[PDB]
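Student: Just dropping this structure here.
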Amino acid sequence: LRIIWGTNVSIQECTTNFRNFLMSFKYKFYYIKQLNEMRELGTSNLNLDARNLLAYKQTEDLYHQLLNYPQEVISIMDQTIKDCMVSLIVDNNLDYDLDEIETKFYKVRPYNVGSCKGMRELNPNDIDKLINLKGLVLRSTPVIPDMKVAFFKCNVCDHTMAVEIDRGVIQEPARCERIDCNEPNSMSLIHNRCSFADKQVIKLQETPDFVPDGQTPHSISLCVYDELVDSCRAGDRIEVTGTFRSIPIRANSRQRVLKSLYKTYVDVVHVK
Amino acid sequence: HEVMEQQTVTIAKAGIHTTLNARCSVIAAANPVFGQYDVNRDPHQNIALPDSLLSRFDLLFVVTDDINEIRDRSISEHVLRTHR
């Protein structure tokens, strides 16, 4: 069944439960129509709906698997919608000339999962969850580049081999590439050659219409990613969905020590 | 106004929002509201600080140092006797 760590949302299970989710009105209480609209434009970014899986059966549980564990569920959902594109094409035989259109990157953009109450109400117990938020934007920060695939070099010979970042860390092999050659000397990391991906930062006041009165509202910095970057300006009072994140900050200064109180920001997978 | 009669102070400031109690007694001394015309001048226009305040104060006492001649000599004598 391929258990995956603690998220315990099983591969080769939920993929099929989503695969037969296809072709439904149904219910309601679109779906394949809008996807068939999607395949021509090449715009990708499937916006979904949410709610769909609820109350619909099967995948009554998938809604809870995504809500409680959005991290994996979004990746698996993207894989499955990709392979359902692949299975859409074989139905019509030769399409779009030919296989390259499937290679292009797709993603799911879930939104409106339950109605969350504010930022303020939030428990520290839920740190991987999809969280509605609303408030104006005080500023849109300049774009910071983000590591995706890292590049490396050495004095010998020099050789061009490079390794991807994966998790939020970078480990270069001490020694060495190609071959061999060696020697022990430290790796030379080219700064400019490696790939990058867009990460903005967006400040958000918490619902200035809803306040303790008179205490000034609390800042929520949601960092977005990819296409969403630079898709907005300021002061938009509407709403945003995405996964909550608590990450450690480096304090004083130097020292390589953690302040031990993790700052909190939202991944904001979708905006609407 | 809020302090005197009502007997309480109210702070909605920013802020700490509370009604806290000041039940103090109060004395006040004021000039003749411009122009020494405090003695001869009308029962109104003399006070200079309308209006409800005039009421809030339970007692409004007037102090024109105006003779009252036979009263001046006596005062002087008293002051003299004091200067000791």
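Student: Determine ³J(HN,Hα), in whole Hz, for all residues of segment A:213-228 in sequence, where each value follows from phi through the Karplus function 6.51 cos²θ - 1.76 cosθ + 1.60 and θ = phi - 60°; x replaces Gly and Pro.
Tutor: 6, x, 5, 5, x, 8, 6, 10, 9, 9, 8, 6, 3, 6, 4, 4
Student: Sum -39500 (n - 2.57) across every DSSP H segment of at least 4 residues in chain A, then divide by the residue count to get the 222 nm mean residue ellipticity, nearest 500.
Tutor: Details: 5 runs with 49 residues, N = 272.
Taken over chain A, the calculation gives -5000 deg cm²/dmol.
Student: For the pairs A:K33/A:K199; A:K134/A:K199; A:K148/A:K272; A:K104/A:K129; A:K82/A:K134; A:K33/A:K134, note any where the Cα-Cα span goes beyond 25 Å.
Tutor: Values: A:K33/A:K199 32 Å; A:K134/A:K199 20 Å; A:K148/A:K272 27 Å; A:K104/A:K129 28 Å; A:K82/A:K134 31 Å; A:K33/A:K134 31 Å.
Going by Cα-Cα distance, A:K33/A:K199; A:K148/A:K272; A:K104/A:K129; A:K82/A:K134; A:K33/A:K134 fall outside the 25 Å limit.
Student: Label-point separation (nm) for B:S55 and B:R81, each offset 7 Å from Cα along Cα-to-Cβ?
Tutor: 4.5
Student: State the extension gain, in nm to one decimal, for the chain segment bounded by A:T141 and A:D49, taking 0.36 nm per residue of separation less the distance between their alpha-carbons. Please list the in-between numbers first.
Tutor: On the way: separation 92, 0.36 × 92 = 33.12 nm, distance 2.92 nm.
Stretched out fully, the A:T141 to A:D49 stretch lengthens by 30.2 nm.
Student: Could you run the Karplus curve 6.51 cos²θ - 1.76 cosθ + 1.60 with θ = phi - 60° over segment A:54-70 and give me ³J(HN,Hα) per residue in whole Hz, x for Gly and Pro?
Tutor: So the J values, rounded to whole Hz, are 10, 8, 3, 10, 7, 6, 5, 7, 5, 4, 6, 6, 6, 4, 7, 9, x.
Student: Which shape class, rounded, prolate or oblate, goes with segment A:50-188 when its Cα gyration tensor gives a ≥ b ≥ c as root eigenvalues, a/c under 1.5 marks rounded, and past that a/b bigger than b/c marks prolate? Write out the running numbers ahead of the final one.
Tutor: Values: a/c = 2.58, a/b = 1.46, b/c = 1.76.
Oblate.
Student: Would you mind calculating the relative contact order of chain B from Cα pairs under 8 angstrom and at least 6 residues apart, reporting the percent as a whole number? Walk me through the numbers before you get to the answer.
Tutor: On the way: 50 pairs, mean separation 17.1, N = 84.
The normalised contact order for chain B reaches 20 percent.
Student: Counting alpha carbon pairs within less than 8 Å and at least 6 residues apart, what relative contact order, in whole percent, applies to segment A:119-193? Please report the intermediate quantities before stating the final value.
Tutor: Numbers: 65 pairs, mean separation 19.0, N = 75.
The normalised contact order for segment A:119-193 reaches 25 percent.
Student: For A:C176, what charge total do you get from the other residues with a beta carbon under 14 Å from its beta carbon, if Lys and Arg give +1 and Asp and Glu give -1? Kindly include the intermediate steps, with their values, before the conclusion.
Tutor: Values: positive: A:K153, A:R175, A:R178; negative: A:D158, A:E172, A:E177, A:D180, A:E183.
Local charge sum for A:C176: -2.
Student: Grab the beta carbon distance between A:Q215 and A:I170, set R0 = 45 Å, and tell me the FRET efficiency rounded to 0.05.
Tutor: 0.60
Student: Here is a further query. Using Cα-only point scatterers and the Debye equation, what is log10 of I(q)/I(0) for segment A:1-115 at each q in 0.23 Å⁻¹, rounded to two decimals?
Tutor: Calculated log10 I(q)/I(0) at the listed q: -1.46.
Student: How far, in nm, would the chain grow between A:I127 and A:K259 when pulled straight, counting 0.36 nm per residue and subtracting the alpha carbon separation?
Tutor: Numbers: separation 132, 0.36 × 132 = 47.52 nm, distance 1.83 nm.
Here the segment from A:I127 to A:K259 would lengthen by 45.7 nm.
We place every Cβ from the backbone using ideal geometry, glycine too, and count neighbours over all the protein chains shown. Computed from the coordinates by the stated procedures, all read-outs in this text should not be read as laboratory data.
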